[PDB]
């Protein structure tokens, strides 16, 4: 009842082929247990070969199927890579069909939600040059699909992030910080924040790209979602060395971070605490700038906060502010799930 459906993918009739494709696509959208049922039937080689069919009715339905399989576990995503789906997806990034492009874009986005070596498979397939060019797309829908796929690639290791920088994505991402589209502005902040989660060289690339003035300006944003992602980006830059933490300080972010410690939004408060705690993970010149901003006094009052999880986070930062070391900063790598 299910192994016979995969045999219909070889049927030359477009009705039997699409009828079986819609059947295998819905069963895929169930649980991960139903995804493995499709995989162990031998459906991946047929779906990959259908990605080269000149019939867009089948190519679009085959993209819906392979995307739902890639929405499962990492060991199921790897099965898509070993089936040869990545070279077909990268070549489909130049299709004149707006829907075929966006479906192949979200397919790479969900593929890139796996491990670092599964993201590295996307990079080695050549999807980066097409994604960076798509950052300049005037179609904001195409731009969102490209931003979502690129940001998940930047959530890998230091080798994965450096490949995004070597492709030249930082100039477009920094320019996208001035976009009127709130969703585009949020996606660009996550991509920039994921890049600042690498080594000190990947962090200095964001600094040399001129992102700090826009990040500090976005701290006064009336959109709390933009303020959230802008806070994570500044904290990741504060997770590097002493010179990179000083760049955040020299940008003028401390008077805004300390004032956010009194925000009635508990989610916003913990992020400013996470940012100041990362800044406190620096040399004595960096710890002094936090004290001169009047944070020792606000951190002591937060030990009486109604949320006990906030009290502990204020104790950890206060210990790092009064210590003689400089370690303890933490990074963050976020995914953009579709």
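Residue numbers count along the first chain shown, from 1.
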| task | Averaging the C-alpha B factors as listed in the entry, name the stretch that ends up higher: 10-18 or 310-318. | result | 10-18
| Should the higher mean CA B-factor in the entry be assigned to 271-279 or to 54-62? | 54-62
| field | Ranked C-alpha temperature factor of residue 178 among modelled chain residues, by third | value | highest
| Going by what the PDB entry lists, where does residue 83 fall on CA B-factor within its chain: lowest, middle or highest third? | highest
| If you rank every modelled residue in this chain by C-alpha B factor, which third holds residue 301: lowest, middle or highest? | lowest
| query | According to the PDB entry, is the CA B factor of residue 109 in the bottom, middle or top third of its chain, that is, lowest, middle or highest? | reply | lowest
| said: Using only modelled residues of the chain, where does the Cα B factor of residue 193 rank: lowest third, middle third or highest third? | reply: lowest
